[PDB]
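First, one chain by itself in structure tokens, the form solved without adenosine monophosphate (AMP).
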């Protein structure tokens, strides 16, 4: 949400903002109703108000998807002395996955077998241990929550269609732990000394798969239910504060990937590809050998007070001023997507896969062995 006060006080910033972001809103109709609300007008204005976007940071490329700018890239592709097989053919070759699950649960489902299943639980634990050395508080959470939490983040209303509802219930399956994490402090006045709150939340994750392509979705890439470890920071209301936390989030995600031993790169995301409440978004993408290209594995985002005004997240500033706080989030690691890149990038001559040094602890072995 945005502050109604400076909205009517500075409507061009918002018109320009709606422009560069491609939102379907005629700000003039809304601005009409906020005049008439001085009965019905009240609530009609609210549903409209919840669609006003945050103005993008000045360094963002203007344009949709294709204006996204590579910032930098770290690492270089693998040196193969055999044709790289793809992730699905590696899995199939080793008995590491069960195809019969599409018959049980339907499409875009996965079931892992043998060392790939133990690997999957290994990377999740490694991600939570790392966030915990890094000062972020570990939480294990549910995957369901009431409607007001989705409004809180801004997932409702823009993405309602991407969320599964539990029938005969007031609950919805969450697509990410920031939904829950975001709603925890709703309604409290937080003390200034508590700030910043750094949370690393784990939970099962669910999506309807309204966003669908007829391309690499298959295997481990876009499945309905998956595992996520999310980073979440609630901070005081200043850009110097926010920029420092955005920087932290990014180093975290780059460090995990350095430990995991994967080629990656950072992409400034353009205003038309950002989504309504964002101030800034960078994507980290990892190189996928078989596809020959870089695929997203993380999206770092600052939204300032846009969602703190939806979820009522406040603090008490040192003058005794009560202010809305600023929020930020970034993935730490999510399985199984990350496994498609890990398997192609680390395949051996013989189709077995090696384990990055940093995970030999959590796995107990250096090479993932075949099964049946």
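Residues that one form lacks are left out of the comparison. Here, rigid core means the biggest group of C-alpha atoms that superpose within 1.5 Å across both forms. Numbering follows the first chain given and starts at 1.
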Quiz prompt | Between neighbours residue 39 and residue 38, residues that the deposited sequence lists but the model omits | solution = 10 or more
Quiz item: Where do the C-alpha atoms have the higher mean temperature factor in this entry, in 312-320 or in 337-345?
Solution: 312-320
Quiz item: Comparing 353-361 with 19-27, where is the mean C-alpha B-factor higher?
Solution: 19-27
Quiz item: Looking at 212, 186, 225, 247, which has the highest Cα B-factor in the entry?
Solution: 212
Exercise. Tell me, please, which of 67, 52, 328, 325 has the highest C-alpha B factor according to the deposited entry?
Key: 52
Quiz item: Lowest, middle or highest third: where is residue 164 by Cα B-factor in its chain?
Solution: middle
Self-check item: Position of residue 217 among the chain's modelled residues by C-alpha B-factor, lowest, middle or highest third
Solution: highest
Quiz item: Against its chain's modelled residues, does residue 32's Cα B factor rank lowest, middle or highest third?
Solution: highest
Self-check item: Third assignment of residue 78 from its chain's C-alpha B-factors
Solution: highest
Self-check item: Lowest, middle or highest third - CA B-factor, residue 298
Solution: lowest
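What comes next is about the form deposited with adenosine monophosphate (AMP) bound, which does not appear here.
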Quiz item: Of these, 206-214, 237-245, 143-151, 89-97, which stretch puts a heavy atom within 4.5 angstroms of adenosine monophosphate (AMP) in the bound PDB entry?
Solution: 206-214
Practice problem: Let me know the one among 183, 158, 223, 173 whose heavy atoms come within 4.5 Å of adenosine monophosphate (AMP) in the bound PDB entry, would you? | Solution: 223
Quiz item: Of the residues 129, 188, 296, 255, which one places a heavy atom within 4.5 Å of adenosine monophosphate (AMP) in the bound PDB entry?
Solution: 296
Quiz item: residue 331: heavy atom within 4.5 Å of adenosine monophosphate (AMP) in the bound PDB entry?
Solution: yes
Quiz item: Taking 4.5 angstroms as the cut-off for heavy atoms, does residue 228 touch adenosine monophosphate (AMP) in the bound PDB entry?
Solution: yes
Quiz item: Hey, in the bound PDB entry, does residue 337 get a heavy atom within 4.5 angstroms of adenosine monophosphate (AMP)?
Solution: yes
Exercise. Go ahead and list the segments of at least 3 residues in a row whose C-alphas all shift 2 Å or more between the shown form and the other one, with the rigid core as the reference fit.
Key: 39-41
